[PDB]
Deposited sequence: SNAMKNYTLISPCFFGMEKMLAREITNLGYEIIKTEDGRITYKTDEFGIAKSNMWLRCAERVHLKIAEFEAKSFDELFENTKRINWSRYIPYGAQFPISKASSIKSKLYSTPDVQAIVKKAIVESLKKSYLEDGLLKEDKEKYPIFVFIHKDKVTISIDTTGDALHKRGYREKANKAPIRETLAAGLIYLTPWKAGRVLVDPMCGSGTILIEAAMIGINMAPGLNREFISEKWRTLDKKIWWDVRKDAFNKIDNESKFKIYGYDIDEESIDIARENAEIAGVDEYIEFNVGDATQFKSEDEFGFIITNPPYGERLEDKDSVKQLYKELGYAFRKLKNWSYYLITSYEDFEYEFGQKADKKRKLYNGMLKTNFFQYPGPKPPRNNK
């Protein structure tokens, strides 16, 4: 059997996520702002959770229909054969509802009506006279309404995917965003890579895991691993496969610096937890003094944004100082993410590309500065 899955992502991450899904061998059905819909074989749920670095989670799509009234929402939800997806005794909390530009804007009421519909559907299938028991494993139901089109799905993930298990940290960049940053560059294992304001090390940890082909989900668990409705052998084979795919022969080193000594301590701890401590060296250091004799290196970094009035002036000077230091490097490429709108002006250089991205509550841009190209003829 095949599945239709949906993976939400931050706006601006759709291209990277689509590329990852394509690399897993799956067909993309629909690309929309903040979510990719795709078709997979029976390995799809396990493989998607195991391997996708830019997905915030992996949903199993159950149904899509129009609903302009609560009666219509109820009737359409109830007619779904829920017993096919929710087994006897299973828990089915309606974990979340989102409604955008739709008549059914009250999400808690959407949740209650969907709950009632599913209870009615199951009661009919399971001929349940007494209490419909909900004491076994959990199938969290998600409802998404956009311009009156309702999508109902089941969460296969549980804890948000960005939680790989290594984050034990100030204000770290999201793991999924960090992986997307790496993917937006030409960096490959073996090439010099430095994050000179590395904080708790997220960007470098994500890059190291990409470099040794360590699956993001390798050291965490997923709610669907407990589902009686799945063949447990599939999840098992997918995990074993992922372990075997780790590149154990490759040797490389990438580097992080920060002036916050506690952040370096945390970064080292986090890399050990992630299992990539052998590929990263973290040190206290000042990015404005960064120098190298190597050429053709990469910098990928997340500097302070200077959002507070009290910080704005020092951050502007930092940007100028970074520009000076980075331009003295020999044919390096550098990439910086910041919400500071006028970054290019203070940095002293126009980017090749500027991509709009999101740490959710923050509207950030990724400024890309690939090194000079060879001469023309």
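Comparing the deposited sequence with the modelled residues shows gaps at 1-4, 174-175, 384-385, with numbering starting at 1.
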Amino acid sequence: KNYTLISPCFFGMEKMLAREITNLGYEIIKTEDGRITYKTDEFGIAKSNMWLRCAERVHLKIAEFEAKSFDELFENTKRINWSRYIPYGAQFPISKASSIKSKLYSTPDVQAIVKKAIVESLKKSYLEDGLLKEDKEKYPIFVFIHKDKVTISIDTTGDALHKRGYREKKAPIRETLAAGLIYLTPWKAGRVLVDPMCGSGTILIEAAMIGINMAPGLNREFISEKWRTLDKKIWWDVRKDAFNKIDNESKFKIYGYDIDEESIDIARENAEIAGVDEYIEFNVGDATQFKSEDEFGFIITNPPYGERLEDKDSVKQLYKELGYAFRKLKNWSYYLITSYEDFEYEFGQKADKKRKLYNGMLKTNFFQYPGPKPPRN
From here on, numbers count along this sequence of modelled residues.
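Here the stretch with the larger average CA B-factor, out of 44-52 and 25-33, is 25-33. Judged by mean Cα B factor in the deposited record, 305-313 ranks above the other of 328-336 and 305-313. As recorded in the PDB entry, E293 shows the highest C-alpha B-factor of the residues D195, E261, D148, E293. The PDB entry assigns its highest CA temperature factor, among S153, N213, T229, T157, to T229. Ranked by Cα temperature factor within the chain, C9 sits in the middle third according to the deposited record. Sort the chain's modelled residues by C-alpha temperature factor and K78 lands in the lowest third, per the entry.
Annotation for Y85: CA B-factor lies in the middle third of the chain's modelled residues. Annotation for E168: CA B-factor lies in the highest third of the chain's modelled residues. Among all modelled residues in its chain, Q368 ranks in the lowest third by Cα B-factor.
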